[PDB]
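One structure is given here, and the rest of the page talks about it.
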C-alpha cells in the first residue's frame with residue numbers, strides 16, 4: 001500500500017498510478033516571480049456559516065475530517081470557480097520539523113504544515129462523479145506556521161489520542177472551518193490534482209497566501225498520530241506530504257496585484 005516511506009513513497013506512486021507523471025500534478029512551487037495577477041478573477045466566496053462536520057478520522061495517511069455534504073450549507077464560489085462547490089472533507093499534511101510539512105511551496109519556502117478543505121462541483125451529483133471531472137473539485141489550501149496557538153484547533157488537539165491509529169475515528173460535530181481561515185483571502189490558483197493516490201487531475205487549486213498560526217504544542221500533538229494500526233510497530237504520522245511537481249507550463253494566477 002502507498003505511503004511516504006522509502007519503499008512506498010511519492011517516487012513509487014507512478015507504478016500503480018501512472019498519472020503521477022501527468023501534466024496537471026499537485027503540489028507545485030508557487031513562484032511569485034512567474035505567477036501573474038488575473039483581473040478576471042471574481043471575488044472569492046466562502047460560505048461556512050452552517051456547520052457540517054461529522055467526525056475526525058485517521059486513514060493511515062493523514063488526519064482528516066468528514067463533513068455532511070447533503071446540502072449547500074458550506075460551499076465555495078467565486079474566484080476562478082464556475083458554480084457551487086460543496087465542502088466534503090479536510091486533510092492535514094504535517095512535517096517532522098517546523099521547517100517542512102507543506103505540500104505547496106511559495107518561492108521554494110515550505111511551511112510546517114498545510115491544511116486542505118475539499119469541495120465538489122454540485123453539478124456532478126456527488127463526490128464520486130465529481131472526481132472524474134476536470135472541474136469537479138475545488139481545494140482550498142492553507143499554510144500553517146508555528147507561533148501563537150490557533151483557537152479553532154484546540155478542540156481537535158485534545159481528542160487526537162482517540163484517533164491515534166489508522167482505521168480509528170471519533171464523532172466531532174464542531175470542527176468549524178471558519179476558525180482555520182487566515183485574515184486575508186488573497187490566493188494563487190492553478191489547475192491541478194489530488195496530492196495522494198489516485199492523484200486525479202480534477203482539482204482547481206486555491207492556495208491562500210497568508211498562513212495561519214498554531215502553537216508548538218498543537219503541532220506536537222498532530223505529530224504524535226500514527227501511520228500504523230493498533231498493536232503494530234509505531235510509525236509517527238510525520239512528513240506525509242508530496243514534494244512540488246513539474247508545473248509543465250501551467251499558469252499560476254494571483255488574486256492580488
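Counting other Cβ atoms within 10 Å as a rough exposure proxy, the listed residues 124, 190 run 124, 190 from fewest neighbours to most.
Antiparallel versus total DSSP beta bridges in the chain: what percent is that, nearest 5? Of all bridge pairs located within the chain, approximately 80 percent are antiparallel. Normalised by the number of residues in the chain, the mean separation of alpha-carbon contacts (under 8 Å, six or more apart) gives a relative contact order of 27 percent. Here region 144-184 is scanned for amide nitrogen atoms under 19 Å from the site 7 Å beyond the Cα of residue 32 along Cα-to-Cβ, giving 144-146, 182-184.
Among 184, 215, what is the fewest-to-most ranking by other Cβ atoms within 10 Å?
Ordered by Cβ neighbours within 10 Å, fewest first: 184, 215.
Look at 49, 72 and count the other Cβ atoms within 10 Å of each Cβ; fewest to most, that gives 49, 72.
State the extension gain, in nm to one decimal, for the chain segment bounded by residue 42 and residue 109, taking 0.36 nm per residue of separation less the distance between their alpha-carbons. Don't jump to the answer; show the numbers that get you there.
Details: separation 67, 0.36 × 67 = 24.12 nm, distance 2.77 nm.
Stretched fully, the residue 42-residue 109 segment lengthens by 21.4 nm.
For the chain, the alpha-carbon radius of gyration amounts to 0.94 times the rule-of-thumb value 2.2 N^0.38 Å expected for a compact globular protein. Build a GNM of the chain with springs between Cα atoms under 10 Å apart, and of 218, 154, 71 the one that fluctuates most is 71.
Working note: 222 nm ellipticity from helices only, DSSP H runs with n ≥ 4, each -39,500 (n - 2.57), summed and divided by the residues of the chain, gives -2000 deg cm²/dmol to the nearest 500.
Comparing 233, 211, 177 in a Gaussian network model of the chain where C-alpha atoms under 10 Å apart are linked, the largest mean-square fluctuation is found at 233.
When we count neighbours, we look across all protein chains shown, and the Cβ atoms used for this are built from the backbone with ideal geometry, even at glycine. Computed from the coordinates by the stated procedures, all read-outs in this text should not be read as laboratory data.
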